[PDB]
Amino acid sequence: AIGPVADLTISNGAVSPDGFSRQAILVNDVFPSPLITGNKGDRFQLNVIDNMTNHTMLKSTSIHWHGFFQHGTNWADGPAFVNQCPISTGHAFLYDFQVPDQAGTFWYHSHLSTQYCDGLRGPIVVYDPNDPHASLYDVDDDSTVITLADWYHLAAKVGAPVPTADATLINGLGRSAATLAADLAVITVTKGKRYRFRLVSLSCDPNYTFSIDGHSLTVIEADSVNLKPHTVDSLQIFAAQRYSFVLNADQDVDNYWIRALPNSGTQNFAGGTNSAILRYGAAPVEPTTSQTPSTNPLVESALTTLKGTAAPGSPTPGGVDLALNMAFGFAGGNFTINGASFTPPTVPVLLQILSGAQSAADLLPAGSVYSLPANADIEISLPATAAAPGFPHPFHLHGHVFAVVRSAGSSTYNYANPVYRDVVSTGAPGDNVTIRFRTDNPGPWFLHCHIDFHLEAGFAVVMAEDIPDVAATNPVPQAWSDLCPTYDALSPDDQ
Ligand SMILES: *[C@@H]1O[C@H](CO)[C@@H](O[C@@H]2O[C@H](CO)[C@@H](O)[C@H](O)[C@H]2NC(C)=O)[C@H](O)[C@H]1NC(C)=O
Ligand SMILES: *[C@@H]1O[C@H](CO)[C@@H](O)[C@H](O)[C@H]1NC(C)=O
Ligand SMILES: OC[C@H]1O[C@@H](O)[C@@H](O)[C@@H](O)[C@@H]1O
Ligand SMILES: OC[C@H]1O[C@@H](O)[C@@H](O)[C@@H](O)[C@@H]1O
Ligand SMILES: [Cu+2]
Ligand SMILES: [Cu+2]
Ligand SMILES: [Cu+2]
Ligand SMILES: [Cu+2]
């Protein structure tokens, strides 16, 4: 309902999404963060005005626009100390970028420390006037956006380092163990109408097993990539993933439970926890519908792109220009990738390159940056392992969509017609989730676990793609150049 040109004023305030009051982060004075929309190929101009006064949740901020390639605008990607210095409080900063060739469901979130868990996170929809699936549904609007999110009664820097959620929020509303009377979200449908629901995980940690009582879900989009329609009776959605599904409201007029079962914390539905309501003329009361066992769950390896696009490269292991393997580990309270743990450098990686850094060995942090050649095929394997606790780890690559040639829970490789997405579960020990992309987007791009508490503990690397062309391809506005001198002048209590 706002965008693609809009102010986003960030501030602190009290919120009670699950009937429990706590300080949090507001965007345009609301929680949860408001929906942003625009059309395929639009210019987005999002002026982030930072008015936060709470140091415990960080006064500074930085917003990542999740899913957007940001070609030519790497300075706008969001990750703190990779792509920019944070916006300092009392200041504003204009994100100004274009989305050529992209349409689907996205989201925006703080990409500073674990700040987005404290409430700076909202959905984005990029509509396609010529959406190949337009004819599959009648309704696609603000009312068909469904968000899932974990919620904590103690703030990110106040609770335990890897906390347990007190509530699942659906559209920013949910119940906790001790607030069984808190208002539930209601999604309204009219009988006989078909709905494009856009489901987005704003989660800081858990994945949700999502289903709707009595209804099947026709999945048509994954992480902004159009699919061949695939009908399931449930799906598992990892932090930061998006699915569009078509729901045919063809059941009896009634109330039906919408269910989102987390993989940790409260793993039931007692008292309407982990739930929202699908309401057709039906009475304004809770559903009393029953969960049927899932017999046709979403299986990632059975998803394919609408076009049937082959994976980049030739159909054999290591059949690409560069193949990398990321060996996960954990030691000293810190995650490692190939022995190195990510620590935010004081000079953002993008500025280091603009400043004359020529190679990965030059780039800080040492051991955490990988140089990638321009205009090439890349293959990255992310073998899951017990040495990295809190699996399954959903990994996200910035600036790119990738082919998932091998999915979690599958022993097979698909090079011919694999799903493409931008967040992938690396699964359980024994898995070897394997991705391929093309280096068509010069810049440093974060590659990290989207469990935010893991990223904070260093579960991340930086892909420095086509270093020689970074500066020329990504001219920076003066307001971006001013970020670091402003931030570095702040005393630590104001950060
Ligand atoms: C700034 O934000 C923090 C973290 O949200 C607030 O921390 C609360 O601190 C009080 C008193 O120590 C505790 O009772 C709460 O449990 C904390 N809240 C959370 C969500 O962890 C702090 O109060 C905020 N500052 C101001 C001035 O409002
Ligand atoms: C995963 O696949 C990569 C690339 O083929 C390979 O090098 C690595 O040994 C594999 N790891 C495991 C644990 O299977
Ligand atoms: O950090 C949580 C704290 O919140 C305060 O408001 C009190 O309720 C304390 O008993 C408690 O220790
Ligand atoms: O013995 C290990 C070596 O085995 C060879 O057959 C190749 O596959 C090499 O990539 C590998 O390093
Ligand atoms: Cu993200
Ligand atoms: Cu992203
Ligand atoms: Cu993780
Ligand atoms: Cu990221």
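Quick note: residue numbers are just sequence positions, from 1.
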Asks: Would you say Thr218 and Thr231 are linked by a side-chain donor-acceptor pair, where the criterion is simply a distance under 3.5 Å?
Replies: yes
Asks: Begin with the C-alpha distance, continue with both residues' side-chain angles, and end with the deciding distance and a verdict on ring-ring contact (aromatic ring centres under 6.0 Å, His included) for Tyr280 and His215.
Replies: CA-CA 12 Å; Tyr280 281 61; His215 293 76; 5.8 Å; yes
Asks: State whether a side-chain donor-acceptor pair under 3.5 Å links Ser203 with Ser201.
Replies: no
Asks: Could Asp213 and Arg259 be called an ion pair, given the rule that one side-chain N must be under 4.0 Å from one carboxylate O?
Replies: yes
Asks: Answer yes or no: does atom CG of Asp250 have more than 12 heavy-atom neighbours from other residues, nucleotides or ligands under 6.0 Å?
Replies: yes
Asks: Looking only at the aromatic ring of each residue, does the gap between the centers of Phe459 and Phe342 stay below 6.0 angstrom?
Replies: no
Asks: Quick one, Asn325 with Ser381, criterion side chain to side chain donor-acceptor pair (under 3.5 Å). Give me CA distance, side-chain angles, the key distance, then yes/no.
Replies: CA-CA 5 Å; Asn325 185 247; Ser381 41; 2.6 Å; yes
Asks: Looking at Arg242, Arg196, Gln241, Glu221, which one forms a side-chain hydrogen bond (donor to acceptor under 3.5 Å, both in side chains) with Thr105?
Replies: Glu221
Asks: Measure the acute angle between the ring planes of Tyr116 and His109, then classify it against the limits of 30° and 60° as parallel, tilted or perpendicular.
Replies: tilted
Asks: Decide whether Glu379 and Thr434 meet the rule of one side-chain donor and one side-chain acceptor closer than 3.5 Å.
Replies: no
Asks: Would you call the rings of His450 and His66 parallel, tilted or perpendicular, taking 30° and 60° as the class edges?
Replies: tilted
Asks: Please say whether more than 12 non-hydrogen atoms of neighbouring residues, nucleotides or ligands are located less than 6.0 Å from NZ in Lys193.
Replies: no
Asks: Taking all non-hydrogen atoms of both residues into account, name the closest pair between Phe269 and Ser275 and its distance.
Replies: CD2-OG, 3.6 Å
Asks: List the atom of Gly67, the atom of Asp422, and the distance in Å for their closest heavy-atom pair.
Replies: CA-OD2, 3.5 Å
Asks: Could you check, using the six-membered ring where one of them is a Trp, whether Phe395 and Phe328 have ring centers closer than 6.0 angstrom?
Replies: yes
Asks: So, are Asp118 and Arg22 salt-bridged, with charged N and O less than 4.0 Å apart?
Replies: yes
Asks: Is the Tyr95 to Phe93 ring centre distance short of 6.0 Å?
Replies: yes
Asks: Mind listing the closest non-hydrogen atom pair of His393 and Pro389 along with its distance?
Replies: CE1-O, 3.2 Å
Asks: Looking at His396, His454, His398, which hits side-chain hydrogen bond (donor to acceptor under 3.5 Å, both in side chains) with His448?
Replies: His398
Asks: Would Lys40 and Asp101 pass as an ion pair if we require N to O under 4.0 Å?
Replies: no
Asks: Can you spot which of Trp65, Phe69, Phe68, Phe44 makes a ring pair (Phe, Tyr, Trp, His ring centres under 6.0 Å) with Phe106?
Replies: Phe68
Asks: Does any N or O in the side chain of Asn39 come within less than 3.5 Å of the main-chain N or O of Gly41, such that one atom is a donor and the other an acceptor?
Replies: no
Asks: My understanding is that only one of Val139, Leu247, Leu199 makes a side chain to side chain contact (heavy atoms under 4.5 Å, CB included) with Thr144; could you say which?
Replies: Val139
Asks: Tell me yes or no: between the side chains of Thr168 and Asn274, is some donor less than 3.5 Å from an acceptor?
Replies: yes
Asks: Under 6.0 Å between ring centres: does that hold for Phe437 and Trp445?
Replies: no
Asks: Tell me, with the steps shown, if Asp150 and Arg121 meet salt bridge (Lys or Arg N to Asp or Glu O under 4.0 Å).
Replies: CA-CA 11 Å; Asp150 50 340; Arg121 63 194 173 181; 3.2 Å; yes
Asks: Is the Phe210-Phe245 ring centre distance short of 6.0 angstrom?
Replies: yes
Asks: Using the benzene-type ring in the case of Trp, are the ring centres of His400 and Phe446 under 6.0 Å apart?
Replies: no
Asks: Is there a donor-acceptor contact under 3.5 Å linking the side chains of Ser11 and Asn51?
Replies: no
